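Let me begin by presenting the structure, written as structure tokens, before commenting on it.
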Amino acid sequence: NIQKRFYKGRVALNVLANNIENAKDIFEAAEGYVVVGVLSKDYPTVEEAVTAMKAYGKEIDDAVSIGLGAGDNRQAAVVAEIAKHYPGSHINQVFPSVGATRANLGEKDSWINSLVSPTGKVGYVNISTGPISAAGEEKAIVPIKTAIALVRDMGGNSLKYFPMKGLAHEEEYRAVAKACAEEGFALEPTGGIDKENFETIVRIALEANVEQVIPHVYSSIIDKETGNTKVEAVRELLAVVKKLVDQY
Amino acid sequence: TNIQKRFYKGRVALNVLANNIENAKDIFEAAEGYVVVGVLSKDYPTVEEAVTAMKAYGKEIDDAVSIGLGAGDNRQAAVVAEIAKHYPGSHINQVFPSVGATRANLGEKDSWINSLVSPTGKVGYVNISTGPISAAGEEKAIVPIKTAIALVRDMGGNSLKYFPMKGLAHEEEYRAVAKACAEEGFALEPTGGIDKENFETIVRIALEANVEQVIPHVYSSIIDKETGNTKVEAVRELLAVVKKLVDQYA
Amino acid sequence: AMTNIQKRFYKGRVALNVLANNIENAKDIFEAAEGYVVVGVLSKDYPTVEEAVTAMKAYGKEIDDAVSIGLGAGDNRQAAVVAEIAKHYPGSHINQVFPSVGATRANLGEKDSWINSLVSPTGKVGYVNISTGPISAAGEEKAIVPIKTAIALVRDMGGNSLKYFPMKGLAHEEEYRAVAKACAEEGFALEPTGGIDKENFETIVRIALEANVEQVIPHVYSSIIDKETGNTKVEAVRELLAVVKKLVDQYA
Amino acid sequence: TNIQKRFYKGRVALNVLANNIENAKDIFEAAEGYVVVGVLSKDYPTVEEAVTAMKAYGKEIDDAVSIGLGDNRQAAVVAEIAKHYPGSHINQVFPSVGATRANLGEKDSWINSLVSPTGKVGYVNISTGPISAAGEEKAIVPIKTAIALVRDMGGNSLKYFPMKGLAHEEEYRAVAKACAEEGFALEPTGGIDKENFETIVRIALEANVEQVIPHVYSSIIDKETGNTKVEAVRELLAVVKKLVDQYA
Ligand SMILES: [Ca+2]
Ligand SMILES: [Ca+2]
Ligand SMILES: [Ca+2]
Ligand SMILES: [Ca+2]
Ligand SMILES: [Cl-]
Ligand SMILES: [Cl-]
Ligand SMILES: [Cl-]
Ligand SMILES: [Cl-]
Ligand SMILES: [Cl-]
Ligand SMILES: [Cl-]
């Protein structure tokens, strides 16, 4: 399960894999403190996504993160369906699909995040992150702790805070980290995270006393030519995680 | 059978409770079938016993069963979600955060699921924090009505159950809910404190706003406490008000 | 001889305003606050002026008449009811909508009380919305006016403070500071209301005292009410009093 | 004995001052009853003396007395007089309207609300009490927002003062249009004389203000006796009939 993937129980990386070969190199470079993203959108049917994800899982101790694909809400229903057949270790989901996904897991255990977004209003998140809700003229903009309580009632384990646009919403992010710490809830900062702002983003969460943090680092560490997530980048991220977690 | 068969001229269906299966049959007759009959999960100690009972009701009333929490009791949300794996009924009462689980659990079966959202004292806004953990929070998620509608659609729900209304204590709020539902093409289920003296007003507000589909819930106000039965004459009276109003506005 | 409400301000600067579930809760609150509180009793909770008057007198008998007469639920239809209650019972403090202040002061007659005036944030620093009566609040446009012009009108109508609502906690912080500074310059009192909780209370009181407002009445309602018992939490009142003392003890 | 009897064809009532009871009787006759006669609170040292006087005037002219300020320092005096004598018509400053209404109790009367030209078409100055008029800035508000406030305070009309004759004509016409649209009465005052009276009343009538009370003070008063000139009242009534007969 996912609890094995947190360095000292505090931080697990989430990065994408180009293919199974890349997944294996990533898992090794992270010393196992990682869940590896496999994207539902890369496969034409639920059936094919399941078979692929089981194949990844076999090589990396089922440390698979089931992905939408950069938070793409068109894939929410697909991910909910996949959960009937494959739990992975970690599941990315939009806010309104968390309940369906948890129900679909049935007797299987997994960890499900809930995508909520910056609003420009410190203290408040946008929970309207499914297909119909994201197409609304207005969004449901709610205090962070009220979103956490709803995610709990729906069977989720964390907030996926996306799109962060790196540090563009840093003040808002600090408030989300504080609320998560106060409620004993996990946090997954995502969007525009790179080797340069990674330390800051993870430190903010640990300094706030968020117990479990899963930073997501996607295209910024992907080699454009080969498409592979770079093993040296994964090393560098892990080095940061250790430096920070050892102190906090 | 699809709940759509239960709406008079496609516009209004009653939701009332039944005390036993005979009472349910009498109600279904009195309403000319334009009703779903509430059977409460909280009246059964196991999901299995609730399922067995609900199927027995459904056999006698063309499956026009409304699966109840029990006065919106949020502790029954998980029970109702589990019942949906085994019995879809025609109509399911659920709290906002449990709609998605309930829809998923229906599996290959179809049914109609409402979503409990509450008055806030703030015209234009509803409280969606109606599950066990969310309702215990110090603050609630108070959102514009249409944003709640959109979320309910993404979770697989069919309507807003607007509760507790306290009759017309929140009339201005309720008017705004009806306007939003009409604009969004979404159904509305007014509930709480509805009786023979405010039923017409409450249904009229929704129809005048051009809400397409309305399901008013009328519970204890029409129950004879001596027998425990929902009063058949009350159901006939409510049906007559429905036909008058639907004929006027449809 | 001191006015009743002057007795309710800690060192003359801050009086709490909280609701009570019943008389015993009111008594408990008044003790927890060391009397530096007025307790809200809402007119909307009574179906006649006479019943409200009886009830409010009964609260007053137990808490040195430290009753704050309320509208209830923000329902501006209660403004006329509050104005009529004032003919019979002054309490210590009266909540009123801007256009109903004058009738309320007139109806007090020979009786003494402190009357606030509801004005609202506008999204425009320096300006408040005074269109808070039944007809005016339903208008196509609102009377949006500089803060001091609202203060001077409230004074001509017989009121004592601005009730600044709805604050949404610290959402209108910049607008609120401008209201506080204008109140300070005019020697007028301020009653911040809406979304105040144990976490933002200190900042809300500090913004006002730092700007040199002399008398502040923060209203703390749902955030300190136990939803299960309906009581305003006595331990929350004790905590808020401790904050008030810590601030006020260094603000002169 | 209410003010509705004082409007010629239900449209226009004069308001002019009386210097003594004989002058009041003469004015009431000259206007054929289509007048409220002003008695100034400031002409008496106490409320009680004003009340005794105003009652004596009213006895002679069918209660057709307009209670006058004469001056915002008299606002509180007028509010107090209203406890004891309603007249038919009461002049009041904007912030004292609700006190005055409340003081009337069960007695009926018509209360105006003094609001002022601003130099900004569409906007009136409602800061017309003693403290408000002494402010550095004034509350300058859209006309219809003033009307709604006056209604919430229990007033019946806007007293638009000081007009300075036609110096604020564009503004006045906009006030008339707004009053007509809202079904509210209007009382033009300040510098009205025999030369601009027709123009001022025509503006209100073409705007379709239902009830208009033009106030004509010093321009028709004999300085040597203090009396309002009875022939001037007849001249004004002739203009009122000539105009109003075209609209009613
Ligand atoms: Ca099958
Ligand atoms: Ca038709
Ligand atoms: Ca000072
Ligand atoms: Ca000092
Ligand atoms: Cl981003
Ligand atoms: Cl229910
Ligand atoms: Cl109810
Ligand atoms: Cl100052
Ligand atoms: Cl608020
Ligand atoms: Cl003039």
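By convention in this document, chain letters (A, B, ...) are assigned in the order of the sequence lines, proteins followed by strands, and residues within each chain are numbered from 1. For the numbers below, each heavy atom of this structure counts, side chains included, while hydrogens, waters and symmetry mates do not.
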- Task: Flag yes if more than 12 heavy atoms outside A:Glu138 fall under 6.0 Å of its CD atom; otherwise flag no.
- Result: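 It does not: A:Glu138 CD has 12 such atoms or fewer within range.
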
Table please: side-chain donor-acceptor pairs of residues 185-193 of chain B below 3.5 Å, with sequence neighbours left out.
| from | atom 1 | to | atom 2 | distance (Å) |
| --- | --- | --- | --- | --- |
| B:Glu189 | OE1 | B:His91 | NE2 | 2.8 |
| B:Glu189 | OE1 | B:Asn114 | ND2 | 2.9 |
| B:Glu189 | OE1 | B:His217 | NE2 | 2.8 |
| B:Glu189 | OE2 | B:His91 | NE2 | 3.3 |
| B:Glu189 | OE2 | B:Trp112 | NE1 | 2.8 |
| B:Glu189 | OE2 | B:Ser159 | OG | 2.7 |
| B:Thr191 | OG1 | B:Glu189 | O | 3.2 |

Distance-minimising heavy-atom pair for [X] and [Y]:
X: B:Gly156; Y: B:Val99; result: C-CG1, 4.0 Å
X: A:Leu150; Y: B:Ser129; result: CD2-CA, 4.2 Å
X: C:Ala79; Y: C:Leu71; result: N-CD2, 3.6 Å
X: A:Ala140; Y: B:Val143; result: CB-CG1, 3.8 Å
X: C:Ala208; Y: C:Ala180; result: CA-CB, 3.9 Å
X: A:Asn73; Y: A:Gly130; result: ND2-O, 3.7 Å

Within-4.5 Å side-chain heavy-atom neighbours: [X] and [Y]:
X: C:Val205; Y: C:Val14; value: yes
X: C:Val244; Y: C:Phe201; value: yes
X: B:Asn93; Y: B:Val80; value: no
X: C:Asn25; Y: C:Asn22; value: yes
X: C:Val39; Y: C:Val67; value: no
X: C:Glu239; Y: C:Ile224; value: no
X: C:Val37; Y: C:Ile29; value: yes

Look only at the side chain of [X] and the backbone of [Y], and say whether a donor-acceptor pair between them is shorter than 3.5 Å.
X: B:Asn198; Y: B:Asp195; value: yes
X: B:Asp154; Y: A:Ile132; value: yes
X: C:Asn17; Y: C:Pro218; value: no
X: B:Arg153; Y: B:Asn158; value: no
X: B:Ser221; Y: B:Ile194; value: yes
X: C:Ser136; Y: D:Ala148; value: no

ring-ring contact (aromatic ring centres under 6.0 Å, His included) filter on C:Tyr127, not counting sequence neighbours, yields none

Sequence neighbours excluded, the answer for ring-ring contact (aromatic ring centres under 6.0 Å, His included) partners of C:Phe165 is none

Can you tell me how far apart [atom1] ([X]) and [atom2] ([Y]) are? Round to the nearest 0.5 Å.
X: C:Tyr59; Y: C:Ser68; atom1: OH; atom2: OG; result: 12.5 Å
X: C:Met157; Y: D:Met153; atom1: CE; atom2: CE; result: 5.5 Å
X: B:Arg11; Y: B:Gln213; atom1: CZ; atom2: CD; result: 8.5 Å
X: C:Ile94; Y: C:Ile115; atom1: CD1; atom2: CD1; result: 5.0 Å
X: B:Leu168; Y: B:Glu197; atom1: CG; atom2: CD; result: 11.0 Å
X: B:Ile202; Y: B:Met165; atom1: CD1; atom2: CE; result: 4.5 Å

Q) Considering the options C:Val128, C:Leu118, C:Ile130, C:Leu162, which one meets the side-chain contact (heavy atoms from CB on, under 4.5 Å) requirement together with C:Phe98? A)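 That would be C:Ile130.
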
The residue among A:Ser114, A:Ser97, A:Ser117 that forms side-chain contact (heavy atoms from CB on, under 4.5 Å) with A:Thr129 is A:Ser117

Residues pairing under salt bridge (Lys or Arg N to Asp or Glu O under 4.0 Å) where one sits in residues 117-133 of chain B, two or more places apart or in two chains, turn out to be none

So salt bridge (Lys or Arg N to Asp or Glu O under 4.0 Å) across residues 71-85 of chain C, not counting sequence neighbours, yields C:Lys44-C:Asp75, C:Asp75-C:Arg77

Here's a test for you: under side chain to side chain donor-acceptor pair (under 3.5 Å), which of C:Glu175, C:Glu174, C:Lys168 qualifies with C:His172?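 The side chain to side chain donor-acceptor pair (under 3.5 Å) with C:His172 is passed solely by C:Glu175 among C:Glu175, C:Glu174, C:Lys168.
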
Kindly write out the residues that satisfy side-chain hydrogen bond (donor to acceptor under 3.5 Å, both in side chains) with [X], not counting sequence neighbours, or none if the list is empty.
X: B:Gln76; value: B:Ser41
X: B:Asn210; value: none
X: C:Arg206; value: C:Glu202, C:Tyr251

Next on the checklist: Run the side chain to side chain contact (heavy atoms under 4.5 Å, CB included) test on C:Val81 and C:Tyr46 for me, step by step, so that the C-alpha distance in whole Å, both residues' side-chain angles and the decisive distance to 0.1 Å come before the verdict.
Outcome noted: CA-CA 10 Å; C:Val81 179; C:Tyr46 302 94; over 6 Å; no

If you look only at pairs with a residue in residues 226-236 of chain C, which of them pass as a side-chain hydrogen bond (donor to acceptor under 3.5 Å, both in side chains), with sequence neighbours excluded?
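Sorted result for residues 226-236 of chain C: C:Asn21-C:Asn231, C:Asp226-C:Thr229, C:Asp226-C:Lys233.
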
My understanding is that only residues two or more places apart in sequence, or in another chain, count here; which of them pass salt bridge (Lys or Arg N to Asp or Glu O under 4.0 Å) with [X]?
X: D:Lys144; value: D:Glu181, D:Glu182
X: B:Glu208; value: B:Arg175
X: A:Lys139; value: none

Give the C-alpha distance, both sets of side-chain angles, the deciding distance and a yes or no for side chain to side chain contact (heavy atoms under 4.5 Å, CB included) between A:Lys178 and A:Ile144.
CA-CA 10 Å; A:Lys178 179 176 181 165; A:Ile144 302 146; over 6 Å; no

